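final_33.txt, holding compact mmCIF, C-alpha atoms and all ligand atoms:
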# COMPACT_ATOMS: atom_id res chain seq x y z
CA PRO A 1 112.16 93.72 113.80
CA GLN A 2 108.90 91.78 113.71
CA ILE A 3 106.13 92.94 111.39
CA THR A 4 102.62 91.60 111.99
CA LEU A 5 100.17 91.40 109.11
CA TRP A 6 97.05 93.05 110.49
CA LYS A 7 97.80 95.84 108.01
CA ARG A 8 99.83 95.99 104.79
CA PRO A 9 103.55 95.52 105.54
CA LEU A 10 104.66 98.89 104.18
CA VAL A 11 108.12 100.14 105.00
CA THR A 12 110.29 103.03 103.94
CA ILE A 13 112.82 102.38 101.21
CA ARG A 14 115.42 104.63 99.66
CA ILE A 15 116.54 104.51 96.05
CA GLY A 16 118.95 107.38 95.38
CA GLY A 17 117.23 110.66 96.22
CA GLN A 18 113.76 109.14 96.48
CA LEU A 19 112.19 107.76 99.64
CA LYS A 20 109.13 105.64 98.95
CA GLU A 21 106.80 103.35 100.84
CA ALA A 22 106.99 99.75 99.66
CA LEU A 23 105.28 96.47 100.45
CA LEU A 24 107.36 93.64 101.90
CA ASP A 25 105.96 90.99 99.59
CA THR A 26 106.79 87.31 99.98
CA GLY A 27 104.56 86.51 97.00
CA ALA A 28 106.72 88.56 94.60
CA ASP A 29 109.76 86.88 93.02
CA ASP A 30 111.31 90.23 92.16
CA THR A 31 111.09 93.82 93.29
CA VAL A 32 108.73 96.04 91.29
CA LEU A 33 108.80 99.79 91.72
CA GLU A 34 106.50 102.51 90.50
CA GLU A 35 107.57 104.42 87.40
CA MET A 36 110.90 106.20 87.93
CA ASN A 37 113.69 107.23 85.56
CA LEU A 38 116.66 105.26 86.90
CA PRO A 39 120.09 105.56 85.28
CA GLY A 40 121.81 102.75 83.40
CA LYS A 41 121.14 99.78 81.13
CA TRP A 42 117.86 97.87 81.28
CA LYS A 43 115.95 95.08 79.53
CA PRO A 44 112.22 94.82 78.74
CA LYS A 45 110.20 92.20 80.61
CA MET A 46 106.59 91.16 81.15
CA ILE A 47 105.43 90.13 84.63
CA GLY A 48 102.11 88.57 85.48
CA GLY A 49 99.80 88.48 88.45
CA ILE A 50 96.17 88.91 89.31
CA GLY A 51 94.55 90.68 86.35
CA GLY A 52 97.25 89.72 83.84
CA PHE A 53 100.60 91.17 82.80
CA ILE A 54 102.34 94.53 82.81
CA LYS A 55 105.40 95.63 80.86
CA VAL A 56 108.41 96.58 83.01
CA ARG A 57 112.05 97.66 82.65
CA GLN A 58 114.58 95.40 84.39
CA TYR A 59 117.51 97.27 85.96
CA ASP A 60 120.28 95.24 87.58
CA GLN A 61 122.52 95.93 90.57
CA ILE A 62 120.49 98.86 91.88
CA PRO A 63 121.25 99.75 95.52
CA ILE A 64 118.17 100.20 97.73
CA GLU A 65 118.05 100.88 101.49
CA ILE A 66 115.18 99.07 103.25
CA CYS A 67 114.58 100.12 106.88
CA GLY A 68 118.29 100.94 107.19
CA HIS A 69 119.37 97.58 105.73
CA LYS A 70 121.48 97.66 102.58
CA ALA A 71 120.37 95.76 99.51
CA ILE A 72 121.53 95.64 95.90
CA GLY A 73 119.91 93.80 93.04
CA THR A 74 117.36 93.66 90.29
CA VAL A 75 114.58 96.22 90.28
CA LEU A 76 111.70 96.08 87.82
CA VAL A 77 110.22 99.47 87.01
CA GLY A 78 106.78 99.84 85.55
CA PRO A 79 103.13 100.76 86.05
CA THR A 80 102.54 98.85 89.28
CA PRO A 81 99.94 100.36 91.64
CA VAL A 82 102.26 99.84 94.64
CA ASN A 83 106.01 99.59 95.26
CA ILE A 84 106.81 95.92 95.94
CA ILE A 85 109.93 94.57 97.63
CA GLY A 86 110.21 90.99 96.40
CA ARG A 87 112.16 87.95 97.54
CA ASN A 88 115.31 88.94 95.63
CA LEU A 89 115.85 91.80 98.10
CA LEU A 90 113.96 90.38 101.12
CA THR A 91 116.62 87.64 101.48
CA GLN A 92 119.39 90.27 101.47
CA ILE A 93 117.90 92.14 104.46
CA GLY A 94 117.39 88.90 106.43
CA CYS A 95 113.62 88.62 106.06
CA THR A 96 111.81 85.41 107.02
CA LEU A 97 108.22 84.28 107.59
CA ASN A 98 107.54 82.86 111.03
CA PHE A 99 104.54 81.12 112.60
CA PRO B 1 108.15 77.10 111.32
CA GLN B 2 110.64 79.67 110.06
CA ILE B 3 110.55 80.02 106.27
CA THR B 4 113.35 81.71 104.33
CA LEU B 5 112.78 83.37 100.96
CA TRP B 6 115.52 82.11 98.66
CA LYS B 7 112.66 79.94 97.28
CA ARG B 8 108.93 80.64 96.86
CA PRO B 9 107.18 80.10 100.21
CA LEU B 10 104.89 77.36 98.91
CA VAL B 11 103.16 75.23 101.54
CA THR B 12 100.61 72.44 101.56
CA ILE B 13 97.09 73.46 102.60
CA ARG B 14 94.11 71.25 103.38
CA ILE B 15 90.72 72.53 102.26
CA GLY B 16 87.55 70.42 101.94
CA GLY B 17 89.58 67.24 102.34
CA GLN B 18 91.77 68.27 99.39
CA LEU B 19 95.50 68.97 99.51
CA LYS B 20 96.75 71.92 97.48
CA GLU B 21 99.99 73.91 97.20
CA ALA B 22 99.64 77.63 98.03
CA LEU B 23 101.94 80.61 98.22
CA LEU B 24 102.28 82.51 101.50
CA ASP B 25 101.80 86.03 100.16
CA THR B 26 102.26 89.00 102.48
CA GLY B 27 101.48 91.37 99.59
CA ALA B 28 97.97 89.93 99.23
CA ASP B 29 95.15 91.33 101.37
CA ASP B 30 93.02 88.29 100.50
CA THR B 31 93.31 84.55 100.09
CA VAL B 32 92.65 83.65 96.46
CA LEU B 33 92.47 80.08 95.16
CA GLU B 34 92.36 78.80 91.60
CA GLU B 35 89.09 77.49 90.24
CA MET B 36 87.62 74.83 92.51
CA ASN B 37 84.29 73.77 93.95
CA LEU B 38 83.36 74.89 97.46
CA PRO B 39 79.98 74.34 99.10
CA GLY B 40 77.58 76.93 100.49
CA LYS B 41 76.53 80.38 99.37
CA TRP B 42 78.98 82.74 97.75
CA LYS B 43 78.80 86.25 96.40
CA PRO B 44 80.41 87.84 93.35
CA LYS B 45 83.34 90.14 94.17
CA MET B 46 86.02 91.99 92.20
CA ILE B 47 89.65 92.30 93.26
CA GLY B 48 92.66 94.07 91.80
CA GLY B 49 96.24 92.92 91.36
CA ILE B 50 99.28 94.02 89.42
CA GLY B 51 97.63 93.45 86.02
CA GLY B 52 94.14 94.82 86.70
CA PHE B 53 90.88 93.52 88.07
CA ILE B 54 89.24 90.09 88.07
CA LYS B 55 85.93 88.60 89.14
CA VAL B 56 86.01 86.09 91.98
CA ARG B 57 83.54 84.11 94.10
CA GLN B 58 83.69 85.00 97.80
CA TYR B 59 83.16 82.17 100.31
CA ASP B 60 83.03 83.06 104.01
CA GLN B 61 83.99 81.03 107.08
CA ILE B 62 85.88 78.31 105.20
CA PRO B 63 88.29 76.16 107.22
CA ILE B 64 91.80 75.82 105.81
CA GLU B 65 94.71 74.09 107.53
CA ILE B 66 97.89 75.84 106.46
CA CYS B 67 101.00 73.80 107.14
CA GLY B 68 99.21 72.28 110.19
CA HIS B 69 97.78 75.57 111.49
CA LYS B 70 94.00 76.04 111.51
CA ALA B 71 92.26 79.06 110.01
CA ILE B 72 88.59 79.75 109.31
CA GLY B 73 87.87 82.69 107.08
CA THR B 74 87.17 84.22 103.71
CA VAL B 75 88.39 82.43 100.59
CA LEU B 76 88.10 83.97 97.12
CA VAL B 77 88.02 81.63 94.13
CA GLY B 78 88.92 82.83 90.65
CA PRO B 79 91.58 83.28 87.96
CA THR B 80 94.58 83.92 90.15
CA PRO B 81 97.90 82.77 88.58
CA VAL B 82 98.65 80.66 91.70
CA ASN B 83 96.88 79.72 94.95
CA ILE B 84 97.75 82.50 97.42
CA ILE B 85 97.30 82.72 101.18
CA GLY B 86 96.83 86.40 102.01
CA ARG B 87 96.97 88.44 105.18
CA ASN B 88 93.40 87.62 106.21
CA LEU B 89 94.53 84.05 107.03
CA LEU B 90 98.24 84.71 107.67
CA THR B 91 97.15 86.72 110.71
CA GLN B 92 94.98 83.83 111.93
CA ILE B 93 97.91 81.40 111.93
CA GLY B 94 100.17 83.94 113.69
CA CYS B 95 102.46 84.59 110.73
CA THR B 96 104.85 87.54 110.95
CA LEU B 97 107.73 88.91 108.91
CA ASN B 98 111.06 89.01 110.75
CA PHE B 99 114.48 90.42 109.96
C1 LIG A 101 99.84 87.37 92.67
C2 LIG A 101 101.26 87.03 93.16
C3 LIG A 101 101.58 85.58 92.82
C4 LIG A 101 102.32 87.96 92.56
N1 LIG A 101 102.05 89.38 92.90
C5 LIG A 101 102.49 89.77 94.26
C6 LIG A 101 101.24 89.94 95.13
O1 LIG A 101 101.62 89.99 96.52
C7 LIG A 101 100.43 91.19 94.77
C8 LIG A 101 101.10 92.51 95.15
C9 LIG A 101 100.20 93.68 94.80
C10 LIG A 101 99.54 94.39 95.80
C11 LIG A 101 98.70 95.45 95.47
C12 LIG A 101 98.52 95.80 94.14
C13 LIG A 101 99.17 95.09 93.14
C14 LIG A 101 100.01 94.03 93.47
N2 LIG A 101 99.15 91.14 95.47
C15 LIG A 101 97.97 90.96 94.89
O2 LIG A 101 97.82 90.64 93.72
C16 LIG A 101 96.76 91.30 95.71
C17 LIG A 101 96.76 92.50 96.43
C18 LIG A 101 95.67 92.86 97.21
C19 LIG A 101 94.56 92.01 97.26
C20 LIG A 101 94.57 90.81 96.53
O3 LIG A 101 93.49 89.98 96.59
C21 LIG A 101 95.67 90.45 95.76
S1 LIG A 101 102.52 90.42 91.74
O4 LIG A 101 102.36 91.75 92.25
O5 LIG A 101 101.66 90.11 90.64
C22 LIG A 101 104.13 90.23 91.29
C23 LIG A 101 105.17 90.93 91.89
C24 LIG A 101 106.41 90.57 91.33
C25 LIG A 101 106.24 89.62 90.33
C26 LIG A 101 107.36 89.03 89.53
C27 LIG A 101 107.21 88.09 88.53
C28 LIG A 101 108.51 87.86 88.07
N3 LIG A 101 109.39 88.64 88.77
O6 LIG A 101 108.67 89.35 89.66
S2 LIG A 101 104.61 89.13 90.02
Structure re-expressed in structure tokens:
Amino acid sequence: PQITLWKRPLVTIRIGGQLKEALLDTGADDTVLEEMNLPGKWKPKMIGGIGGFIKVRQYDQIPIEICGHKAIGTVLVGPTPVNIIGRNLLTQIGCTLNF
Amino acid sequence: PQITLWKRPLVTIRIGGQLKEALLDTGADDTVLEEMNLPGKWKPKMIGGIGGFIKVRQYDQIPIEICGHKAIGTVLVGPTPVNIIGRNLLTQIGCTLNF
């Protein structure tokens, strides 16, 4: 599909039994999801953007479905105001910028 | 061009006769540049990112050439971690997400 940018590029994602709306975000190196209690090992991390840093939990090899496309990779979980699909998963679903 | 996302989508912009590197950022509503001088009137604004809120200077109707494509619009200047081109100008240059 082609997504124009007149509005926020929000799409439906699935992570286990949770469907959420997430931003397709070319400015994000990694995927950052709102607080959720995912199973498995994780590592603490700090990520920075406008306003400073937040503390997140890094989970690896988490499967996520994005508009029916399969992805699997690192997901950072923490107190972000919006679910963010970053480049680590955008590449896996075939996402490019075009102009 | 078509830009893939295995690397950060950094491009050269021209603003006020200056060349800068900026990140094409579909998760940003606004275009936010690091501290710089721009002429004309501006007004104080606050914007929010992943880490909280910051104060910026809002300049309207500023020309920027983004990878050879002309835009004229609102540019915010303040303590962003990196120069970011947001949707307000991505739309002007006809940028879409595709997968
Ligand atoms: C700043 C950028 C370099 C990294 N961030 C991604 C941005 O697209 C961000 C997304 C956003 C939207 C709405 C609320 C909060 C955030 N947008 C914005 O900050 C934003 C949103 C709306 C208006 C505005 O003027 C700015 S980011 O959110 O700070 C970020 C995401 C992943 C990061 C990472 C670092 C290491 N591994 O992964 S850093």
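Taking all atoms listed in the file, the non-local environment of residue 40 (chain B) within 10 Å (same-chain residues fewer than 4 positions away omitted) comprises residues 59, 60 and 62 of chain B.
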Contacts between ligand LIG 101 (chain A) and chain B, please, where a residue of chain B counts if it comes within 8 Å (with only C-alpha atoms and all ligand atoms); show its shortest atom pair and distance in Å to one decimal, rows by chain and ascending number, as a Markdown table.
| residue | atom | partner | partner_atom | distance |
| --- | --- | --- | --- | --- |
| B:23 | CA | A:LIG101 | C3 | 7.3 |
| B:25 | CA | A:LIG101 | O1 | 5.4 |
| B:26 | CA | A:LIG101 | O1 | 6.1 |
| B:27 | CA | A:LIG101 | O1 | 3.4 |
| B:28 | CA | A:LIG101 | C16 | 4.0 |
| B:29 | CA | A:LIG101 | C19 | 4.2 |
| B:30 | CA | A:LIG101 | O3 | 4.3 |
| B:31 | CA | A:LIG101 | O3 | 6.5 |
| B:32 | CA | A:LIG101 | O3 | 6.4 |
| B:47 | CA | A:LIG101 | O3 | 5.6 |
| B:48 | CA | A:LIG101 | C20 | 6.1 |
| B:49 | CA | A:LIG101 | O2 | 3.6 |
| B:50 | CA | A:LIG101 | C13 | 3.9 |
| B:51 | CA | A:LIG101 | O5 | 7.0 |
| B:80 | CA | A:LIG101 | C1 | 6.8 |
| B:81 | CA | A:LIG101 | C3 | 6.3 |
| B:82 | CA | A:LIG101 | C3 | 5.8 |
| B:83 | CA | A:LIG101 | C3 | 7.8 |
| B:84 | CA | A:LIG101 | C3 | 6.7 |
| B:86 | CA | A:LIG101 | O3 | 7.3 |
statement: Judged by all atoms listed in the file, the minimum distance to residue 67 (chain B) among B:1, B:44, B:79, B:52 is found for B:1
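In this structure, CA of residue 95 (chain B) sits 20.3 Å away from CA of residue 88 (chain A).
Remark: for residue 5 (chain B), the closest of the candidate residues A:91, A:37, A:18, A:98 is A:91 (distances computed over only C-alpha atoms).
Taking CA of residue 93 (chain B) as the reference point, CA of residue 15 (chain B) is found at 15.0 Å.
Across A:22, A:54, A:92, A:76, the tightest approach to chain B is made by A:54 when counting only C-alpha atoms.
With distances taken over all atoms listed in the file, B:24 is the one residue among B:38, B:56, B:24, B:13 lying closest to chain A.
Of the listed residues (A:99, A:87, A:34, A:21), A:87 comes nearest to residue 6 (chain B); the distances count all atoms listed in the file.
With CA of residue 64 (chain A) on one side and CA of residue 14 (chain A) on the other, the separation reads 5.6 Å.
The protein and nucleic acid residues lying at most 10 Å from residue 61 (chain B) are residues 71, 72, 73, 74 and 75 of chain B, with all atoms listed in the file considered and sequence neighbours fewer than 5 positions away removed.
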field: Nearest candidate to chain A (options B:94, B:63, B:17, B:39; using all atoms listed in the file)
entry: B:94
Which residues come within 8 Å of residue 3 (chain A), counting all atoms listed in the file, excluding same-chain residues fewer than 6 positions away, as a JSON list (two decimals) with C-alpha atoms, in the coordinates of the input?
[["chain", "number", "residue", "atom", "x", "y", "z"],
["A", 9, "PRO", "CA", 103.55, 95.52, 105.54],
["B", 96, "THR", "CA", 104.85, 87.54, 110.95],
["B", 97, "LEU", "CA", 107.73, 88.91, 108.91],
["B", 98, "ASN", "CA", 111.06, 89.01, 110.75]]
